[PDB]
Every structure is written in C-alpha cells, then in structure tokens.
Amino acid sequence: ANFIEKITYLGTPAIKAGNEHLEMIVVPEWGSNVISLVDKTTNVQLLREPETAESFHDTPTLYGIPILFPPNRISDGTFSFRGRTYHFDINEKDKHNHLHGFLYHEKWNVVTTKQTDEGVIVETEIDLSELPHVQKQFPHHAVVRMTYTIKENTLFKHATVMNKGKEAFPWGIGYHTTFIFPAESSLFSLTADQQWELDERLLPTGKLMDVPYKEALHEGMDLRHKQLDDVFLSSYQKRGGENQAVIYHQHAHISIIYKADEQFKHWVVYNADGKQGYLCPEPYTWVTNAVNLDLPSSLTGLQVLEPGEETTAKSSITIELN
C-alpha cells in the first residue's frame, strides 16, 4: 500500500510519497532535492532538514539529497574536452574553483508518478538547454531525469543522463546526501581502501594513498574528533565486493545502507567540524576535477555521451531495523 500527496514544504510546492515503511518529500523547485526521508516504523527523520526556507537557500547543498551535476570542484572553472575550452562560473572564490555544478538551485519539472504493487515512483526532469546562463558555460543539450522509487524498506534513486544535442559532452554526477549523525551514538562504514591526495585547494594531485584506518572504516567506526573532507576511492574497482556507505544509529538500532552501482567510483565524506550533528557520504561517478586529470577513465570515472546516447547511474538507501 502506497500514497502520493501534493503538499507545501516551507512555502514551496512538494510531493510527499511513501509506503508503510518509508516516506520521502521531494521539492522539484529546490533542485529536485529529496528534503525528507522518514523511517515509518520508529518515526525517525533520516535527513538533515532546513529550519526555514531562508536557511535552505543559504546552503542548498547541506540538506536532504542535493544533486551535483557535475560533482565537487573544477579548478579555475576551466577544462578542455576534445580540443574545446570551457569556462564555468568560479563560485568558490578563496580557492578559485567552480563548485557543485548546475542543478542544485534550479527548478525541475515533475514528469510523472506511478503506483503499483511494485512501489511508488516519482520522476523529475530538467533540460539544461532551457537554462540560458547554464548554456553560456556549457553549450550542450544535456537532459537529466531522476527516478525515485520507494519499494519495501528502500528508496531507489536513479539518474538518467541524455545527450539530445549534436556534439558529445563529458559528464559526472554525485549527491550531497546529508544524514543526521549524532557523533556520540552513530557509527560509519565505507567500502574504500585508498583515497585521493588533495592540495590546499581541495583538488587531487593525482596520487592515491592507503587509508591507514581502513579496517576500522570497513567494519564501522565512530567519527568523534575526526574532521573529514576526503575523497575516497571505492574498493569495488580493485577487489569487487560491495560499494556502499553504512550509517548505524546506536539508540534506535537503525542501519542505513547507502548503495551505489559500479559507476560510482568515489565517495566524498564530509562532516564539517564534526560538531554539527550531520554526515554527508557523497557518491560520485567521477573524482573532483576529473575533467583536468590525464589519468585513465577507469580510475577517474570520467564519462562521455555521444549525440543521442543516454546512461543511468543507480543508487539506493535501505533502512533496516535490528
């Protein structure tokens, strides 16, 4: 049994959808952000929610599930692709980078909803060819469609990226998913053995290094007095196994298993100063500044869409009670 219900979320139109296990709220105008995700059995909110509309607009990448197309930093907002030079807005001033892409602060359209025994589906879409300021930076006819499915104890979250134009383009996508994470009573695990060395502008030097505490990270560790803003390489490419982050809440015994497919090659993990009570385990299909690295695409995760092609990158959030 499942429902869809149109609502107002802090003065903006939104769609609440759910079954008897999970409820989401997606906010199409706010970069199609999944702003709320509630575990129905225990009635716990899983995502960091904004106090007011105003605070959300202040930091739209730090609540719910913001969409990063493309994810993280591009040095000087410049790169070339197949002979051609691109200049993206340098919105991160102190580090002279473009940061977080085109989509987390634009209006997406609701394209359909569907309800059956197989679950409840909400689909949103945005066509970058309709955003003139985006076209000035990135003159290509990219269309991104999100497919959200709640089925049983899992929110599935699929991005389909389409090239509807006449020239090829590089792309990557990531999510700035922000979970409630009380430092005292939560544990975190991640399928990674290595991470990217970063310079003072948070750009990769191109070198990998071992994660010294990787056994701890594998099994589940606390993050008390650890400040993270780290680009981890998923262990999947090299060892197989899983590709996922796990948050465990110790009081309510809730596991949150955030899986991503083989295209999701990197995880940025961010917790600010470690005192803010949240955690962002961010899966990305390409590494920070991927466009500018002369490294194999199997390592960076850089991908290209030829005219007429499309790709679907899949991930999911499963709630288990134990």
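Residue numbers run from 1 along the displayed sequence.
**Student:** Given the B-factors recorded for C-alpha atoms, which segment has the greater mean, 296 to 304 or 15 to 23?
**Tutor:** In the deposited entry, the stretch with the higher C-alpha B-factor mean is 15 to 23.
**Student:** Comparing average C-alpha B factors as deposited, tell me which of 37 to 45 and 267 to 275 sits higher.
**Tutor:** Looking at the record's C-alpha B-factors, the answer is 37 to 45.
**Student:** Comparing recorded Cα B-factors across 157, 224, 98, 218, which one is largest?
**Tutor:** Answer, based on the entry's C-alpha B-factors: 224.
**Student:** Which has the highest CA B-factor per the PDB entry: 185, 178, 195, 72?
**Tutor:** Of 185, 178, 195, 72, 185 has the highest C-alpha B-factor.
**Student:** Using the B-factor values recorded in the entry, state whether the Cα atom of residue 189 falls in the lowest, middle or highest third among the modelled residues of its chain.
**Tutor:** Ranked within chain, residue 189 CA B lands in the lowest tercile.
**Student:** For residue 261, does the deposited CA B-factor place it in the lowest, middle or highest third of the chain?
**Tutor:** Within its chain, residue 261 is a lowest-third residue by C-alpha B-factor, going by the deposited values.
**Student:** Residue 230's Cα B-factor: lowest, middle or highest third of the chain?
**Tutor:** Ranked within chain, residue 230 CA B lands in the lowest tercile.
**Student:** Taking only the Cα B-factors deposited for this chain, tell me whether residue 165 sits in the lowest, middle or highest third.
**Tutor:** Tercile = highest for this residue's CA B-factor.
**Student:** Could you look up the Cα B-factor of residue 174 in the entry and say which third of the chain it sits in: lowest, middle or highest?
**Tutor:** Lowest third - that is where residue 174 ends up once the chain's C-alpha B-factors are sorted.
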